[PDB]
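Read top to bottom, the protein sequences are chains A and C. Start counting at 1 in the first sequence, then tack on 199, and there's your number in PDB author numbering. Start counting at 1 in the second sequence, then tack on 545, and there's your number in PDB author numbering. All residues carry an ideal CB built from backbone N, CA and C; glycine is no exception. The structure under discussion appears below in the form of structure tokens.
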Amino acid sequence: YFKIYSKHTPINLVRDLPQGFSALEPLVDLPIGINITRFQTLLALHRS
Amino acid sequence: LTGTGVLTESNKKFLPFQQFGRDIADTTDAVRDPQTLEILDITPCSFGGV
Ligand SMILES: *[C@@H]1O[C@H](CO)[C@@H](O)[C@H](O)[C@H]1NC(C)=O
């Protein structure tokens with residue numbers, strides 16, 4: 200089971216992680232049943 | 546989940562994921578009914594010493 204917990208926060212801080220507390224609610228539970236040892240972040244390019 | 550008690554209306558703002566509730570003893574104190582998704586409080590039936 201892949202448990203994803205999420206919390207969405209409106210901030211206005213420029214550079215770093217804001218200092219505070221926010222408990223993450225569970226978003227989705229996925230029955231994927233696969234081995235995971237490595238992961239990748241996906242970004243988006245901007246072209247002009 | 547089995548038990549005995551009186552089911553009454555409640556004012557506990559359950560979050561969407563949240564289904565039931567537990568007291569210190571871990572006995573269920575509130576439950577969300579299937580089919581209608583409403584939140585029912587579970588209050589033990591009156592008892593005491595004679
Ligand atoms: C049946 O249960 C689902 C939740 O599992 C609910 O969304 C749906 O409204 C229920 N249907 C009826 C007719 O109660």
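Notebook entry, point to check: Within the present structure, is the beta-carbon of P561(C) separated from the nearest heavy atom of ligand 1 by less than 7 Å?
Noted result: no
Margin query: Considering just the uninterrupted stretch of the beta strand (DSSP E) at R214(A), what are its terminal residues?
Written below: No beta strand (DSSP E) holds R214(A); DSSP gives it neither H nor E.
Check: Does DSSP put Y204(A) in a helix, in a strand, or in coil?
Finding: strand
Notebook entry, point to check: Distance, Cα to Cα, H245(A) vs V213(A)?
Noted result: 21 Å
Checklist line | From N234(A), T208(A), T236(A), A243(A), residue whose alpha carbon lies closest to that of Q218(A) | finding: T208(A)
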